[PDB]
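Positions in the sequence shown are counted from 1; adding 9 to them yields the UniProt record's numbering.
Ideal Cβ placement from N, Cα and C applies to all residues, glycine included.
Everything below concerns the one structure shown next.
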Amino acid sequence: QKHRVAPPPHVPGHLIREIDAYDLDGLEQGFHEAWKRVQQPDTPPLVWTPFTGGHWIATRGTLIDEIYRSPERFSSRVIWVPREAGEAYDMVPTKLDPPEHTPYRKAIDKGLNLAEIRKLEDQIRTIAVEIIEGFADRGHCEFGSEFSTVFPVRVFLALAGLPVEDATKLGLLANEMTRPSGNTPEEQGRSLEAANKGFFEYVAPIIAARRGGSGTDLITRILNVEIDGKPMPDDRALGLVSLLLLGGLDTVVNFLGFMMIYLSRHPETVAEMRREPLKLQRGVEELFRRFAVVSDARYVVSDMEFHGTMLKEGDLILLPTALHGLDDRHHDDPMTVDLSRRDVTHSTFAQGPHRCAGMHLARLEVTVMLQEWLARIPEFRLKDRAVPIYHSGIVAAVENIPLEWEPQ
Ligand code: HEM
Numbered sequence: 010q011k012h013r014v015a016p017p018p019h020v021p022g023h024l025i026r027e028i029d030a031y032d033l034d035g036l037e038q039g040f041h042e043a044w045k046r047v048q049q050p051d052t053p054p055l056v057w058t059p060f061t062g063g064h065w066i067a068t069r070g071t072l073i074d075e076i077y078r079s080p081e082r083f084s085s086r087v088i089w090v091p092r093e094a095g096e097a098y099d100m101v102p103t104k105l106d107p108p109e110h111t112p113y114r115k116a117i118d119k120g121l122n123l124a125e126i127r128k129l130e131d132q133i134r135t136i137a138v139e140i141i142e143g144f145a146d147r148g149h150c151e152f153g154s155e156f157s158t159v160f161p162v163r164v165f166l167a168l169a170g171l172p173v174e175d176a177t178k179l180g181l182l183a184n185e186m187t188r189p190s191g192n193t194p195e196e197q198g199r200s201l202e203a204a205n206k207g208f209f210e211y212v213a214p215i216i217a218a219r220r221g222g223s224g225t226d227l228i229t230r231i232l233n234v235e236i237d238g239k240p241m242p243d244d245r246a247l248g249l250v251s252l253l254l255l256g257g258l259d260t261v262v263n264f265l266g267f268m269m270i271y272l273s274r275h276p277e278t279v280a281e282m283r284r285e286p287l288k289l290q291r292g293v294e295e296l297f298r299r300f301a302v303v304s305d306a307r308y309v310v311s312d313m314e315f316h317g318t319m320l321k322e323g324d325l326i327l328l329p330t331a332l333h334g335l336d337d338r339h340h341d342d343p344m345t346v347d348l349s350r351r352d353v354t355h356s357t358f359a360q361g362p363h364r365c366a367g368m369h370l371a372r373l374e375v376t377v378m379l380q381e382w383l384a385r386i387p388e389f390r391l392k393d394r395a396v397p398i399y400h401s402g403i404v405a406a407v408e409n410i411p412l413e414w415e416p417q
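Laid out in structure tokens, this is it:
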């Protein structure tokens, strides 16, 4: 049964659209496909849904890009739907606007900048090879269980200096953060609250132990960057370390599944990447355009008109990131991966001051992944009549990806 909220007075009937971000109409065909159904040729730039507590949805890439780049009009005070979850959310620096955001982002950047992450290339590659060699000769694997959920998790826990055995409990907290359980705004609010507290509990002893440590992992590197000449307060550290873990695990895992489902159904494009290693390297950004995973929000700072639409202070606008990279007004044949596409403009990493601080790590993990996969498993397909299973929310997920090949 579907929970509806009545539209506020300022939302006119003709902008109402019944869209459930947590269970999209047509989701069984795919996350990307289901979002694309929302973006019809004449659909308004901003539509309002009575589901998930009532919120706007931006339906075109340029509104998405514009909103992300404008913190003074669209604040990060709430970035989750429903509002209750968004209000419970406590991660740093995603909850913050400039200028409070900016020293925390600087601290993160000491650990995650491109020069730093380039150093991690070989560790990443060793992890990739080891996993892949575990099944390359077998001629089949379940990609999700045996690769996508393993690789990025192992990479990050190693980088963060954390025991691999923590993967499960962290994954479950991640799921309740990004796809909270509940069929009502309040239930979802409560699921998020609980997962968030879970992350704070996990993270406090590491913070306590690693302050002034030690200690060369990602966590101690970032934690020990000063904020206005003194140590990071506890409240901020908990949100910051939790966000590192949340971004480090869930996103890449799921990106990988979407990407690999497409590749297994497109041998010609796999073969291009094989024949031309530079097409692969340069084509990774095209994959990020094509397999966005985040759909998150902003808070309308003041009453305003925006793209011909009346907005009220406190309105939430969901930004389905897939609707930028896949916008047919931004890219011709947007559903096709074209490794040679010159314009790959997307918001898979968002825009503005919050543009993904992990983007260099994400790009490197995917490029190493493809290089070592293709080196050992040059050809592959999705099992005959297999049906991947799809989940939507703030971060998209997929499951059940049986690949098959002829061992080389
Ligand atoms: C598939 C890969 C990834 C995607 C699609 C992705 C997406 C995003 C998006 C859309 C944001 C902006 C959220 C907002 O402000 O509304 C973000 C922020 C962030 N991401 Fe990523 N992310 C990915 C991988 C990573 C990784 C591996 C890390 C490493 C820990 C990471 C760390 C962060 C952090 C710390 C922020 C906060 C940035 C800030 O507030 O200044 N992300 N990410």
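Tell me the DSSP secondary structure of residue i in three-state form.
i, result
"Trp89", "coil"
"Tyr77", "helix"
"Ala67", "strand"
"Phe165", "helix"
"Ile25", "strand"
"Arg188", "coil"
"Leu105", "coil"
"residue 428", "Since the first residue of the chain shown is 10 and the last is 417, residue 428 is not available in this structure."
"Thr193", "coil"
"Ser84", "strand"
"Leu171", "coil"
"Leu55", "strand"
"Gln38", "helix"
"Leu249", "helix"
"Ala15", "coil"
"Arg351", "coil"
"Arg134", "helix"
"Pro214", "helix"
"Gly292", "helix"
"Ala30", "coil"
"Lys119", "helix"
"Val279", "helix"
Report yes if the CB atom of residue i is closer than 8 Å to the CB atom of residue j, and no otherwise.
i, j, result
"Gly120", "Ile231", "yes"
"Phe60", "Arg92", "no"
"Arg188", "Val404", "yes"
"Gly402", "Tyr98", "no"
"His316", "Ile73", "no"
"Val346", "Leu296", "yes"
"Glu37", "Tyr399", "yes"
"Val377", "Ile133", "yes"
"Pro362", "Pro107", "yes"
"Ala306", "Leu327", "yes"
"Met186", "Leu201", "yes"
"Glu413", "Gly143", "no"
"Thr357", "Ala280", "no"
"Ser223", "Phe389", "no"
"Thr68", "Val47", "yes"
"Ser84", "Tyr308", "yes"
"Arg245", "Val101", "yes"
"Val407", "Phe267", "yes"
"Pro214", "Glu374", "no"
So if DSSP puts residue i in a beta bridge, which residue, or which two residues, is it bridged to?
i, result
"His149", "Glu413"
"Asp305", "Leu328"
"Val407", "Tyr399"
"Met319", "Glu314"
"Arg390", "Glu413"
Nearest chain D C-beta to residue i closer than 8 Å, yes or no?
i, result
"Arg26", "Among the chains of the structure shown, chain D does not appear; only one protein chain is present."
Can you tell me whether residue i sits near the ligand HEM, meaning its C-beta is under 7 Å from at least one heavy atom of the ligand?
i, result
"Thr103", "yes"
"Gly367", "yes"
"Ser85", "yes"
"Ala371", "yes"
"residue 2", "What is shown of the chain runs 10 to 417, which leaves residue 2 out entirely."
"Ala331", "no"
"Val261", "yes"
"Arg114", "yes"
"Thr357", "yes"
"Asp312", "no"
"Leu252", "yes"
"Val302", "yes"
"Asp305", "yes"
"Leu121", "yes"
"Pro362", "yes"
"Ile228", "no"
"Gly222", "no"
"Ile140", "no"
"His110", "yes"
"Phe267", "no"
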